[PDB]
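First the structure, in the form of structure tokens, and then the observations on it.
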Amino acid sequence: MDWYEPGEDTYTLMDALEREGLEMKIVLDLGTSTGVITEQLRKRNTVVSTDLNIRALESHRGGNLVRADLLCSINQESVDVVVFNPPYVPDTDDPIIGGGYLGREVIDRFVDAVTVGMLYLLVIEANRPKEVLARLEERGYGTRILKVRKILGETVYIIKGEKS
Amino acid sequence: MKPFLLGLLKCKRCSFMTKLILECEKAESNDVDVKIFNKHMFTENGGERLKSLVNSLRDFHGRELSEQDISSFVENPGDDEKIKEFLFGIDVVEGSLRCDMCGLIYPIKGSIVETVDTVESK
Ligand SMILES: C[S@@+](CC[C@H](N)C(=O)[O-])C[C@H]1O[C@@H](n2cnc3c(N)ncnc32)[C@H](O)[C@@H]1O
Ligand SMILES: [Zn+2]
């Protein structure tokens with residue numbers, strides 16, 4: 001695939017975001033791909049959308065586009081919320097979907113760099129959601145599993161993280 | 001890229017905040033939904049970032065700011081109708097962002113800010 005296309009996983013993240021009613025924030029849509037989540041977010045927020053995949057950015061629904069590797073080029077002090085449907089697929093290092101060992105390599109890199117006040121992260125059962133929660137706690141985030149949903153292939157967990 | 005992004009981007013090499021300086025090959029005006037920006041980034045040093053942007057875009061006449069517009073915004077940041085219009089109402093399609101400390105360059109190509117495939121200038 002040239003870029004990651006909207007799937008049941010993305011729609012469960014979108015459904016959870018919808019119920020939260022995020023409004024009046026500066027939101028980073030990390031791994032925006034072609035911007036399906038950005039499209040929903042920009043209705044109530046100012047959104048910066050980033051991806052490693054230039055092809056997806058070049059066919060983006062539209063927004064404020066940055067090609068970047070996670071958050072290194074982002075000033076996190078300026079961002080209220082980060083939303084991330086990450087490459088979570090175990091045992092591949094495909095640049096779009098691959099999460100390598102446990103499907104957790106990008107997730108783990110993200111958790112160890114994230115400092116914004118609030119985050120929404122999607123994970124699957126194979127990533128070991130509890131280890132993700134734990135790592136987030138270690139980073140100062142109070143966490144909770146906003147939503148669990150079985151989809152075609154696996155079960156999706158939406159993690160909400162917030163600093164006190 | 002719209003200039004409000006200058007409140008959100010940073011050099012990925014320097015471990016402290018630095019100033020990213022804009023070079024603009026071409027820019028288009030954009031119609032001015034939610035427009036929130038990091039006001040403090042544009043107020044500090046008497047509106048340094050704004051002055052920097054105004055200089056970078058001096059050959060672009062689609063939209064404009066003035067000494068006064070900037071000074072007054074620094075006074076009353078609550079009155080940012082003109083600032084928002086400048087920061088959200090312009091899109092740099094072709095250009096560059098340069099870290100003033102290490103000279104790292106982020107090309108801007110087709111309005112996308114490229115922070116992965118960088119250029120050195122020092
Ligand atoms: C599973 S896809 C999610 C796409 C989209 N937001 C959605 O929900 O449908 C993960 C996305 O992260 C991007 N990605 C992979 N590694 C990245 C990285 N290191 N930094 C930023 N984005 C990355 C991929 O290109 C891909 O678009
Ligand atoms: Zn630098």
Side-chain angles (χ1 to χ4, degrees), chain A residues 1-18 27-42 47-61 63 65-75 82-90 92-100 103-114 120-124 126-127 149 151 153-154 156-158, chain B residues 9-21 96-106 112-122:
Chain A
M1 62 192 138
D2 285 319
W3 63 71
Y4 195 86
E5 297 165 14
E8 286 179 39
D9 56 337
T10 113
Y11 294 121
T12 87
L13 180 48
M14 294 180 71
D15 283 352
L17 291 169
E18 191 58 28
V27 181
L28 186 75
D29 176 12
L30 186 60
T32 181
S33 191
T34 55
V36 74
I37 299 178
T38 288
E39 199 174 48
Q40 159 201 223
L41 289 175
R42 68 184 178 83
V47 183
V48 181
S49 312
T50 77
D51 208 293
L52 189 61
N53 180 359
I54 198 62
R55 262 165 269 260
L57 291 186
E58 283 169 352
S59 298
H60 189 106
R61 282 166 174 68
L65 307 187
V66 187
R67 170 163 190 248
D69 191 341
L70 297 184
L71 310 163
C72 316
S73 60
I74 304 306
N75 182 11
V82 171
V83 178
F84 193 19
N85 184 5
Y88 59 63
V89 178
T92 172
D93 289 292
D94 172 285
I96 300 166
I97 59 182
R104 278 265 305 279
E105 297 192 26
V106 185
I107 288 157
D108 285 352
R109 279 177 52 231
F110 169 67
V111 167
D112 262 82
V114 66
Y120 296 91
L121 176 67
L122 181 155
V123 162
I124 62 170
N127 302 326
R149 187 185 287 182
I151 71 180
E154 198 144 344
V156 162
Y157 303 74
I158 296 167
Chain B
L9 285 162
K10 71 176 187 76
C11 173
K12 73 175 173 182
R13 161 199 280 150
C14 295
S15 51
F16 47 107
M17 276 304 97
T18 63
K19 301 163 202 173
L20 302 184
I21 308 304
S96 275
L97 296 175
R98 174 175 47 80
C99 173
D100 68 349
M101 295 291 304
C102 76
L104 186 75
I105 302 291
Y106 297 157
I112 300 161
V113 182
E114 163 71 63
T115 76
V116 180
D117 296 328
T118 53
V119 188
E120 301 296 338
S121 73
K122 288 197 179 184

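A, B, ... follow the sequence lines: proteins, then strands. Residue 1 opens every chain. First listed ligand is number 1; within each ligand, the first listed atom is number 1.
For the pair A/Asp2/A/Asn53, no side-chain contact is recorded, criterion being any heavy-atom separation below 4.5 Å from C-beta on. Counting only heavy atoms from C-beta outward, the side chains of B/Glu120 and B/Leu104 approach each other to under 4.5 Å. Inter-residue side-chain proximity for A/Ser73 and B/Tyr106 is flagged as met; some heavy-atom pair is nearer than 4.5 Å. Within the 4.5 Å cutoff, side-chain heavy atoms of A/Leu122 are placed close to those of A/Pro86.
Around the Zn ion (ligand 2), the protein contributes the following N, O or S atoms at distances under 2.8 Å: B/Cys11 SG, B/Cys14 SG, B/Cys99 SG, B/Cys102 SG.
Counted within 6.0 Å of CZ on A/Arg61, heavy atoms from surrounding residues, nucleotides or ligands total more than 12; the atom is thus considered enclosed.
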Criterion side-chain contact (heavy atoms from CB on, under 4.5 Å) on A/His60 and A/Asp51, from CA distance to verdict: CA-CA 10 Å; A/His60 189 106; A/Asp51 208 293; over 6 Å; no
Test log, rule salt bridge (charged side-chain N to carboxylate O under 4.0 Å, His left out), inputs A/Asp69 and B/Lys12: CA-CA 10 Å; A/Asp69 191 341; B/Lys12 73 175 173 182; over 6 Å; no
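Listed by chain and residue number, the protein contacts of ligand 1 are A/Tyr4, A/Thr10, A/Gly31, A/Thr32, A/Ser33, A/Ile37, A/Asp51, A/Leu52, A/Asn53, A/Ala68, A/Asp69, A/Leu70, A/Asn85, A/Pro86, A/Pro87, A/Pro95, A/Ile96 (heavy atom within 4.0 angstrom).
Looking at B/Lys10, its side chain never comes within 3.5 Å of a backbone N or O of B/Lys19 through a donor-acceptor pair.
Of the charged side-chain nitrogens involved, at least one lies within less than 4.0 Å of a carboxylate oxygen, so that A/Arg67 and B/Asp117 count as a salt-bridged pair.
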